[PDB]
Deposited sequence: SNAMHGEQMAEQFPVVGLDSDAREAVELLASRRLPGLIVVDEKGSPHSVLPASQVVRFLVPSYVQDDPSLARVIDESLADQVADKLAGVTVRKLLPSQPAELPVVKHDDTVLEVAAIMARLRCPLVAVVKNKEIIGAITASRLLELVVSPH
């Protein structure tokens, strides 16, 4: 078994893509994260849904999780307002969670090794032609 045969079809977005597309993909496809590439179409980072959640909730709400002293009646309306006119790049954190890359021809153990190094959930396969999740790797060996 090699990278290419292991890989599955993961949706991908660009740095300059709509922030909204990314949110919709995460939500529609119920994915825990998105593969982000640059203009070239080469791997850049991974944008986890939890980072998007962080971006979408106002700081003042985040600072009062029990809502004991602040009011927000506009969560959904404001989610909508702050995505409009914004790119994927703005959703990303200060130090974007890097995206490990393996070849189309790497062995299972080569892939597992790299994944096991960063305890990363996902690797991109390049020749991006796909990606290999941890569970996919487990699925193969079992």
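Where the model has no C-alpha, note the corresponding stretch of the deposited sequence, numbering from 1. Deposited residues absent from the model fall in 1-3, 131-133, 149-151.
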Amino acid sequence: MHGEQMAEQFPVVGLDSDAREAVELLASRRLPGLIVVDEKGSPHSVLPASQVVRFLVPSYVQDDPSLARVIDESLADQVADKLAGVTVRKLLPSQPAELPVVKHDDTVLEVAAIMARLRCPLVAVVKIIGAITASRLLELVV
From here on, numbers count along this sequence of modelled residues.
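Residue stretch of maximal mean CA temperature factor, 129-137 vs 7-15: For C-alpha atoms only, the mean B-factor is higher in 7-15.
In the PDB record, does 28-36 or 49-57 carry the higher mean Cα temperature factor? For C-alpha atoms only, the mean B-factor is higher in 28-36.
Please pick out which of 62, 94, 74, 66 has the largest Cα B-factor as recorded in the entry. Within the set 62, 94, 74, 66, 94 shows the top C-alpha B-factor.
Largest Cα B-factor, entry values, listed residues 80, 88, 112, 101: Of 80, 88, 112, 101, 101 has the highest C-alpha B-factor.
Relative C-alpha B-factor of residue 70, binned into the chain's lowest, middle or highest third: For residue 70, the deposited C-alpha B-factor lands in the lowest third.
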